[PDB]
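> just to be clear, this is only the beginning of the complex, oriented as in the whole thing:
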Amino acid sequence: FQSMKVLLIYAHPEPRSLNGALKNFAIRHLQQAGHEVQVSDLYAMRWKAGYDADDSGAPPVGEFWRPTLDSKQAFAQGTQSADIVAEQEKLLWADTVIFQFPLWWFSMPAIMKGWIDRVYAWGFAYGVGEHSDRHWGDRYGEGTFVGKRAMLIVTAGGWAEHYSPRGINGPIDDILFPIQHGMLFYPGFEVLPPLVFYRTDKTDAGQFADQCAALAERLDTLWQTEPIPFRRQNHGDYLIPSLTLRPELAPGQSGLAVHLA
């Protein structure tokens, strides 16, 4: 068989919302298939969003507290706040991590961004590895999360056409790049194509049934779907330390698309 360990990070303030419905569907679907599921329901946990000096469990390491170096010490010395530590343990436990949220101002809800900011410590999600001739940190297809898969599940009010290649909001995959490339591929996840639902504010029973069918199909194929083929940083595709794509790859092109093989 092979029972997978799935962690769902979920950001919506109302349990009877569309998002709440889809969350409950996904959790039941995965449990019925034989997988184990842990959930971080950020609003239910009253998750603290603003990273600050109370998270480091120690006085400042230098003359004044620094978001970076104070994390580096807290993580290395074992003083981080206990909420942080429990999330980090969930991530280490999981084989697959799913982030589920409504699109709010073209980005994660604040409370979810605060999960990123606080959980992704120095020594854990960044700051790991050497800086040398041909290696510039353990990131972008390397890091703590190598071997794990991640996927977003996003609901949006705008129409699909509004997120099309010439659509005014920007192409969906480019708007999601800071998340999928910067937050998921960065600490070493294999990132699956996102599941994005459009025109969600008017969802009725028939649209919901369509959403559920699409969701179940993604959840059934989590370990078969091909990841987004983002380029690794440290294995020849980029010049180091400029971290620019070598001239023979995607020649004469620039922008977000050059980072896909």
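Done, it's in. Numbers count the residues shown, from 1 in each chain, chains lettered A, B, ... in the order given.
> need the contact list for the residue nearest the centre of chain A.
Nearest to the mean C-alpha position of chain A, counting by C-alpha atoms, centre = their mean, stands residue A:184 at 4.4 Å. In this structure, residue A:184 makes contact with A:150, A:152, A:191, judged by C-beta atoms under 8 Å, 6 or more residues apart in numbering. Heads up, the C-betas are built off the backbone N, CA and C, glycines and all.
> please apply the same query to residue A:30.
Residue A:30 touches A:6, A:37, A:219, counting by C-beta under 8 Å, 6+ apart.
> can we see that at 10 Å?
By C-beta atoms under 10 Å, 6 or more residues apart in numbering, the contact list for residue A:30 reads A:4, A:6, A:8, A:36, A:37, A:96, A:98, A:216, A:219, A:220, A:222.
> distance to residue A:243 and secondary structure added to those residues, as CSV?
Conversion of those to CSV gives the following (distance: C-beta to C-beta, whole Å; DSSP: H, G, I helix; E, B strand; the rest coil):
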residue, distance to residue A:243, secondary structure
A:4, 33, coil
A:6, 33, strand
A:8, 32, strand
A:36, 38, strand
A:37, 37, strand
A:96, 28, strand
A:98, 29, strand
A:216, 39, helix
A:219, 35, helix
A:220, 37, helix
A:222, 31, coil
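> ok, these vs residue A:166, which is closest?
The shortest separation between residue A:166 and any of these is 30.0 Å, and it belongs to residue A:98 (by C-beta to C-beta).
> I'd say that closest one and residue A:5 touch.
No - the pair residue A:98 / residue A:5 is not scored as a contact, 11.8 Å apart, by C-beta atoms under 10 Å.
> for the two, list the residues in contact with both.
residue A:37.
> which one's more surrounded, those two?
Residue environment comparison for residue A:98 versus residue A:5 gives the larger neighbour count to residue A:98, 25 against 15, counting by other C-beta atoms under 10 Å.
> chain B should go on the structure too:
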Amino acid sequence: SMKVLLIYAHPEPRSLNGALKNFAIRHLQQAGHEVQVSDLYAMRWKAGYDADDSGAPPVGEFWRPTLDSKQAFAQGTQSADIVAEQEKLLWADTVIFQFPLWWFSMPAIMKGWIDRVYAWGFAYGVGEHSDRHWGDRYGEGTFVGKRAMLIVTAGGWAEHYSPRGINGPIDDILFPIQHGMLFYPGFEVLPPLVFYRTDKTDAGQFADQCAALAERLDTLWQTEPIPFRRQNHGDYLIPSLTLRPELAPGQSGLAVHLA
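Putting chain B onto the chains we already have gives this:
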């Protein structure tokens, strides 16, 4: 003599950001401008938008982030912290958002200012939806006539944000903010001020940051805005909201939204 609102997100007053914030405030005041500040961490800003913000029971069967904002804003029941920020915004001619880049985006506390202040009736959901207009947004809206600018500190190098740099081009990474959050409700958006390699800033580097910052501040009403395209004034097909085919012909992606 201009009215400038600074929205500022950093937890430590002695930080590099705190030093830049103080410099900017003093520089603007010495020039004769009036400055209001929203120091989010100092105010203990609530970041998570929820039902406690709408000041009333749910308008329908269960609270909805959209419709309960529409009603709170229309009926005057939003939480007082929100109202006070909306008042600042209406007061200001120029709004500056100052933050360290954290995970290629604003700190959560600032994202939560956006999520909670930008109400239905204020920043979105205003106006006609038809075949000729699709909401008062993207170069139209409540903020038309105001200017906005980002001031961003990043740890990564400039080259890492270059057009072929691994983190993505800086202006593409900042698109959801500049186009999605600032141009959307009607600001003219000035080019961002972005400082790189900030974790190693020394006296010399700080002097260079200060000089760049002063220069931007001295030109806030002279600098040309980012030439983003208005949604409703002919560049786009409505309601598909796709750029009309003779403009940037054959091209696609974020760059087609600038003329």
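> since we added chain B, can you redo the contacts of residue A:184?
Taking C-beta atoms under 10 Å, 6 or more residues apart in numbering or on different chains, we find residue A:184 in contact with A:97, A:99, A:145, A:148-152, A:176, A:190-192, A:194, A:228, A:230.
> that one and chain B, how far apart?
Using C-beta to the nearest C-beta, to the nearest Å, residue A:184 is found at 11 Å from chain B.
> same deal with residue A:261?
Relative to chain B, and taking C-beta to the nearest C-beta, residue A:261 is found at 13 Å.
> neighbours of that residue, how many?
Counted with other C-beta atoms under 10 Å in any protein chain shown, residues neighbouring residue A:261 total 11.
> I'd guessed it sits against residue A:231; true?
Yes - proximity of residue A:261 to residue A:231 meets the contact threshold set by C-beta under 10 Å, at 5.4 Å.
> in stretch A:198-210, what's buried?
Of the residues in stretch A:198-210, A:198, A:200, A:203, A:208 count as buried by neighbour count, 16 or more other C-beta atoms under 10 Å in any protein chain shown.
> and those as CSV, adding secondary structure?
CSV is the format used below for these (DSSP: H, G, I helix; E, B strand; the rest coil):
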residue, secondary structure
A:198, coil
A:200, helix
A:203, coil
A:208, helix
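> can you map out the helices along the stretch 51-200 of chain A?
A:67-77, A:82-93, A:110-119, A:172-175, A:177-179 (DSSP state H, counting those that start in this stretch).
> and the residue located most distally from the centre of chain A, its phi and psi?
Residue distances from the centre of chain A (C-alpha atoms, centre = their mean) peak at residue A:63, which lies 33.1 Å from the mean C-alpha position. Backbone torsions for residue A:63, taken as degrees, to the nearest 10, come to phi -80, psi -30.
> ok, and the closest non-adjacent residue to it?
Distances taken as C-beta to C-beta, 6 or more residues apart in numbering or on different chains put residue B:14 closest to residue A:63, at 7.5 Å, once the chain neighbours are dropped.
> coming back round to it: pull the most distant pair out of the contacts of residue A:184.
Pairwise distances among the contacts of residue A:184 were taken by C-beta to C-beta; the largest, 18.6 Å, belongs to A:148 and A:176.
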